[PDB]
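Colleague: Protein chains in written order, with PDB author numbering: chain D, 1 to 432; chain C, 1 to 432; chain E, 261 to 346; chain B, 1 to 87.
No residue lacks a Cβ here, since even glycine has one placed at the ideal position from N, Cα and C.
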Amino acid sequence: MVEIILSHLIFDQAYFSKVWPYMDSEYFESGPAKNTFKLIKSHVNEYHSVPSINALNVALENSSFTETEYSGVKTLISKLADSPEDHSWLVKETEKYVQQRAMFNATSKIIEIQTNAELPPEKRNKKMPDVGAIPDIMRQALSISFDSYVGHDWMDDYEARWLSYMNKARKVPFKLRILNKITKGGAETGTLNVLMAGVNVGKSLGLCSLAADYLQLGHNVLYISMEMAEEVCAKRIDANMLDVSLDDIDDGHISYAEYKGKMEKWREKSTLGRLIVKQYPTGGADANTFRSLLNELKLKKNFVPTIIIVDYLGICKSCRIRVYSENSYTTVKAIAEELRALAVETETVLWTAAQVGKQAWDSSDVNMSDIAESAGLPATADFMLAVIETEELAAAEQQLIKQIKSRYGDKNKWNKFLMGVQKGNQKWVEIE
Amino acid sequence: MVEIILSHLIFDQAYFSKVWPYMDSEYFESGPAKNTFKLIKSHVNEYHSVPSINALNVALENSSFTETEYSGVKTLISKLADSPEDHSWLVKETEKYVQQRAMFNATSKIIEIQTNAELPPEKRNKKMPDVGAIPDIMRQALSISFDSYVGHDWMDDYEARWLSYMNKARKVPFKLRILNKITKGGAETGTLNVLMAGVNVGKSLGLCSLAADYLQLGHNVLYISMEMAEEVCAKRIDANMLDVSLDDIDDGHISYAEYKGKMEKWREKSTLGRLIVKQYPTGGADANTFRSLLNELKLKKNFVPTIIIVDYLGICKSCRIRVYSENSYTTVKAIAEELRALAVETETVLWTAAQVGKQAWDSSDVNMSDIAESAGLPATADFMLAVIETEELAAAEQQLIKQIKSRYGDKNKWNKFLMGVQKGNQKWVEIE
Amino acid sequence: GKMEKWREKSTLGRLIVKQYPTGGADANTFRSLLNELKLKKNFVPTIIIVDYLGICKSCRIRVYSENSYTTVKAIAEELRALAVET
Amino acid sequence: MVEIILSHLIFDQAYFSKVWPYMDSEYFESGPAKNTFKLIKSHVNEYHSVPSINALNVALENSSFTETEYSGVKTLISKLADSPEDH
DNA sequence: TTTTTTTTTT
Ligand SMILES: Nc1ncnc2c1ncn2[C@@H]1O[C@H](COP(=O)(O)OP(=O)(O)OP(O)(O)=S)[C@@H](O)[C@H]1O
Ligand SMILES: Nc1ncnc2c1ncn2[C@@H]1O[C@H](COP(=O)(O)OP(=O)(O)OP(O)(O)=S)[C@@H](O)[C@H]1O
Ligand SMILES: [Mg+2]
Ligand SMILES: [Mg+2]
């Protein structure tokens, strides 16, 4: 049914718009269909417009086809006449035909490779790849996109925009009321959020608390620890969930009976996600390793996270440059860009913590210029919180959170607010 | 690798238990391998235990097939030896072989289906799958892999994590009341512990004292001196262990009789550990050099250290920054990260020392900002003790210790505590 | 009601919003996007607005063959060349 | 004496202890010996242990090698055996 | 070899 495909490519515009990128010369035939599709594709890539019948004829005249190909293309172009068909049905049939033809090409290549490899080494040909590259061509036949989004037309796509507005398909709510009220319903899907604070003042504590809350809200959470082992972060999360004090696990003040009892009482709830903690060596993992980790989790453990928390994002590799090849600014900006690209690609909320230069350690006020590792991070950041803590504030068992950078709302409404962080329990609560 | 797989299935149990389920009768061959695996699977089904060579022989005897196949399988069970290869390599190569054989079977089925399709409809078998069934089997070719430990799940790994809780895994006691009290059972294997003090305050004294304390408690210590020679470090260890003042060691007050007697007395103590001292030129020690000499000499001296000490962290050499760099911050941070990574890879407590800034030499208190030569070190350090010295405390033979940073406990609970120092004895004592 | 009221106006143009991965887009990628908007739709922009220039990737430098003042300036020159060309 | 060197690398543990870290790929020849030591290097860098004969000629030795050099490599692997003498 | 950057220290 290639003739219908070509006729609707030429005479229809919505049809051409819907499925251009999945049209390839290897999908029709070795005869007139491929030739006329080559004509169409040449005109398209040359003039950036759907050719008309006159344009196709003109391209035919100044071509290098023999008599047989000329006659076939001329007849096929003559047959091209517009007909009324269902748009969705046409799209579905195009998907079916493209899938079937890709599978046919794949299996033909498989036959060729297997048959030639069966031959003795002298009889076989080196022009054709060995059996080793069977799976890739086997998996490329199943990796056809079939969906292409060119842009968000402001006037033509206001229905979907309003559906996203009312449905809040982007916001991911917190468990703290103050965070929701300052972020207008939580953090969005493809975003990078930052906790800015000094050394040993509650960065990883805050990230573990956020991970615990997300896990409580039925979310698949992937905690990527860079400074402490898997058991340490899992112990912090255990202290947060089971309400066991962190000192108690060390001192053995909790019996295995009660620990297992509350573990069971947590595991029975259906409002509980899956948490996978994956520590990497300090400065030894990159965004490509993160993507491979996601792929392996999905394939083996059937795990696709919705929240990915990376504690101390700074100690990574940019995956584009050699490690320590550049200065701190360049490599950190590249790592942050890769992290936000991963967040937008997987539509996963990405939380992290930022180091602060010595000029703001033990200081009651923290600004965005006080960030240490780079200035390419705050530009790439969608939300930053200062987690300041002075001696007096630490005495009162609280931290001063400052909204130094907010893209979800105005950062001058509730700029200062106190948070009741419980240092022992690795969890913070709202003062209200 | 049919022979290896069959052998380690018959003999090994860890290999058998790790991957029994990912084994199909059609993975092996059309000849003797399939028959032997059929016999193994039949024996496992009849009796839920791994068979033995005699069991395979008798099962072959009571089996019935062609005499040529009988001889082939009998010869096949004549070569299955123990051959204890590595288990990780075993499972990895078995996974590779299984994936290759699954790919071969899928390819063969695809060829058969395509050949059946390219036939007149009269001469076709309806039992054969249609062309449309080809894609899904391709997924069955790609969706084959052994389950592997990807991350640390917080729920379905809680029992092992509790095992790591009740067992004080990754803990090394200190033989000192305040140290074990503040670290909640010693430092953890694969961490960074640092002493920050001014110039000539007792950093090397402290490291030697810790090395001796570990040596008493049956610990192997890899001392790496960057400033002092091996003889000097051995002398400091002697002064700490034998309670001989540094004056008496080089003034001749120590006699060979007493020295020999005390040495043999410590030799008879089976609780005594093993200590070595490797010296490197100032700024000429590398992480790769750490592993090399230990690797070959580990075979040569059967010595593996629980505690690795690197004197004067600030004057080491990086294994990633190839050329010398004037930037203190980047180089020192990279060196600290390299040290922490080496410690975690070897799973051994790493101790070091650090230099305070020029402004902290005359100060009675030391802050974390007053560190020198970098700010990446306080970020990479799991534990930091400031050895504060002042004239009044020096007169009282006491040095203040202030836990600047602690990931083992709360650094505000016992932040400041006096520790008695015997500089002549080069020893640490706890004030009661 | 407001959307349809704006659509009723004959003085209203067209707005196309396209998001690119941070670092993934390029001046040649921008040109390909313009060609795609001319092909798929009848859209030929008169105003092009980019949130930030330096995020993009140079079409001539491979990845980071040189420093910041060889890629950022190259992208700026490529974007001005795009403006002149279109 | 590359054959003796590789034989004692594979079979003698004490020899591997004092001689392997000072060994390199380009220290034997450009023929089969280089390929054999490359296989050994890959195995040791992948598992931190000396490969067995089976781990060498079965798991490896099935890489992208031409027949002329693959035959030589398998011949070299065949002629490997321990030699009793002092370390 | 020009640049841009974060940084420690006189
Ligand atoms: N194991 C622990 N037991 C008890 N309290 C702890 C423990 N670890 C940390 N704390 C407390 O939590 C505070 C912050 O700890 P962290 O979670 O490491 O915050 P941090 O800022 O990420 O630390 P770094 O190493 O600078 S990133 C410390 O100052 C202690 O008061
Ligand atoms: N051989 C020695 N004899 C007597 N006292 C010594 C000796 N070595 C060090 N000390 C004393 O021990 C204290 C500092 O010793 P060390 O630990 O060697 O110095 P440090 O902490 O390593 O600082 P550095 O490395 O010299 S900048 C001072 O009070 C010295 O007087
Ligand atoms: Mg922390
Ligand atoms: Mg000293």
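Given the structure, does C:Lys423 come close to ligand 4, in the sense that its CB is under 8 Å from one of the ligand's heavy atoms?
Modeller: Outside the cutoff, so no.
Colleague: Taking Cβ-Cβ distances shorter than 8 Å, what residues in chain C pair up with D:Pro135?
Modeller: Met103, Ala141, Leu142, listed in chain order.
Colleague: Closer than 9 Å, CB to CB, is E:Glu296 near chain D or not?
Modeller: Output row for E:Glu296: interface = yes.
Colleague: Given that B:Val58 touches chain C, what residues does it touch there, using C-beta distances under 9 Å?
Modeller: Per Cβ cutoff of 9 Å: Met1, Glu3, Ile4, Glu93.
Colleague: Which residue's Cα is closest to the Cα of C:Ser108: C:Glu227, C:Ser30, C:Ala395?
Modeller: Residue C:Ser30 is the option with its Cα nearest to C:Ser108.
Colleague: Below 8 Å, how does it come out for the region 149 to 169 of chain D and the region 262 to 281 of chain E: are there three or more Cβ pairs, yes or no?
Modeller: Yes, the region 149 to 169 of chain D touches the region 262 to 281 of chain E.
Colleague: Since C:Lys333 contacts C:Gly376 with CB under 8 Å, what's their CB separation in whole angstroms?
Modeller: Indeed they touch by this definition, with Cβ atoms about 3 Å apart.
Colleague: To which residues of the same chain is C:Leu56 closer than 8 Å at the C-beta, ignoring the five residues directly before and after it?
Modeller: The residues are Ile10, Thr36, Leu39, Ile40, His43, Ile77.
Colleague: Starting from the beta carbon of D:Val244, find every residue of chain C whose beta carbon is closer than 8 Å, and list them in chain order.
Modeller: Under the 8 Å cutoff, chain C gives no residues; its nearest Cβ is about 10 Å from D:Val244.
Colleague: Which residues, in chain order, does the region 272 to 292 of chain E contribute to contact with chain D at a C-beta distance below 9 Å?
Modeller: Residues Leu272, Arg274, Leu275, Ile276, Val277, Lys278, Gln279, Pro281, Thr282, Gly283, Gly284.
Colleague: Inspect the CB distances between the region 296 to 316 of chain D and the region 250 to 264 of chain D and report whether three or more fall short of 8 Å.
Modeller: Too few Cβ pairs lie closer than 8 Å, so no.
Colleague: If the cut-off is 7 Å on Cβ atoms, which residues from the region 143 to 162 of chain D count as contacting chain E, listed in chain order?
Modeller: Residues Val150, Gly151, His152, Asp153, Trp154, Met155, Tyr158.
Colleague: Using a C-beta cutoff of 9 Å, does B:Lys18 count as contacting chain C?
Modeller: Yes, B:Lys18 lies at the interface with chain C (some Cβ there is under 9 Å from its Cβ).
Colleague: Going by C-alpha to C-alpha distance, which of C:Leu176, C:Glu337, C:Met226 sits closest to C:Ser374?
Modeller: Nearest C-alpha to C:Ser374: C:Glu337.
Colleague: Please determine, among D:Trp266, D:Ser325, D:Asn302, D:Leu339, the residue with the shortest C-alpha to C-alpha distance to D:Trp351.
Modeller: For D:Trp351, the nearest C-alpha among the options comes from D:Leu339.
Colleague: Below 8 Å, is the gap between the Cβ of D:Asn105 and the nearest heavy atom of ligand 5?
Modeller: The model depicted lacks ligand 5 and carries ligand 1, ligand 2, ligand 3 and ligand 4 instead.
Colleague: Helix, strand or coil for D:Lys175 per DSSP?
Modeller: Coil at D:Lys175, not helix or strand.
Colleague: Beta-carbon within less than 7 Å of D:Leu293's beta-carbon, same chain only, minus the 5 sequence neighbours each way: which residues are those?
Modeller: Excluding positions up to five away in sequence, the list reads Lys278.
Colleague: Can the beta-carbon of D:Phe28 be found closer than 9 Å to that of D:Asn193?
Modeller: Their beta carbons are not under 9 Å apart, which means D:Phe28 does not touch D:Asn193 by this criterion.
Colleague: Based on Cα-Cα distance, which residue from D:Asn412, D:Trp20, D:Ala396, D:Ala169 lies nearest to D:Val91?
Modeller: The option with the nearest alpha carbon to D:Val91 is D:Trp20.
Colleague: Whole angstroms are fine: how far does the CA of D:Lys301 sit from the CA of C:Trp162?
Modeller: Distance between the alpha carbons of C:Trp162 and D:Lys301: 22 Å.
Colleague: Please confirm whether E:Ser318 has its beta-carbon closer than 9 Å to some beta-carbon of chain D.
Modeller: Judged by the 9 Å Cβ criterion, E:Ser318 is not in contact with chain D.
Colleague: Entirely within the region 160 to 222 of chain D and at least 3 residues each: give me those beta strand (DSSP E) ranges in chain order.
Modeller: Correct list: 192 to 196.
Colleague: Where does C:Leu142 sit, in a helix, a strand or coil, going by DSSP?
Modeller: The answer is helix: DSSP assigns C:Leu142 an H, G or I state.
Colleague: Can you name the residues of chain B whose CB is closer than 9 Å to the CB of C:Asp410?
Modeller: Under the 9 Å cutoff, chain B gives no residues; its nearest Cβ is about 39 Å from C:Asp410.
Colleague: Can you give me the Cβ contacts of B:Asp82 inside the same chain, cut-off strictly under 7 Å, excluding the 5 residues immediately before and after it?
Modeller: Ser7, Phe11, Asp12.
Colleague: Compare the C-beta of D:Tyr324 against all C-beta atoms of chain C and say whether one is closer than 9 Å.
Modeller: Yes, D:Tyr324 lies at the interface with chain C (some Cβ there is under 9 Å from its Cβ).
Colleague: Which chain B residues are close to C:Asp86, counting only those with a beta carbon under 8 Å from its beta carbon?
Modeller: Those within 8 Å of C:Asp86 in chain B are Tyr47, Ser49, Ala55.
Colleague: Going by DSSP, name the residue or residues bridged to C:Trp351.
Modeller: In DSSP, C:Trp351 forms a bridge with C:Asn193, C:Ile309.
Colleague: How would you call C:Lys96, buried or exposed, if buried means at least 16 neighbouring beta carbons within 10 angstroms?
Modeller: Result: exposed.
Colleague: Is it the case that the CB of C:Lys203 approaches a heavy atom of ligand 2 more closely than 8 Å?
Modeller: Yes, ligand 2 has a heavy atom inside 8 Å of this Cβ.
Colleague: Once you ignore the five residues that flank C:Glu430 on each side, which residues in its own chain have a CB closer than 8 Å to its CB?
Modeller: Around C:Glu430: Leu176, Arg177, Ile178, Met419, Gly420.
Colleague: Provide the residue span of the beta strand (DSSP E) that contains B:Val19, from first to last.
Modeller: Run containing B:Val19: none in the beta strand (DSSP E); it sits in the alpha helix (DSSP H), 13 to 19.
Colleague: If you draw a straight line from the C-alpha of residue 174 of chain B to the C-alpha of B:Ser49, how long is it?
Modeller: With chain B covering only 1 through 87, there is no way to say anything about residue 174 of chain B.
Colleague: Could you give the distance in angstroms between the alpha-carbon of E:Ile321 and the alpha-carbon of E:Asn288?
Modeller: The straight-line gap from Cα to Cα measures roughly 12 Å.
Colleague: For C:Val44, which three-state DSSP category applies?
Modeller: In the structure shown, C:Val44 sits in a helix (DSSP, three-state: H, G or I).
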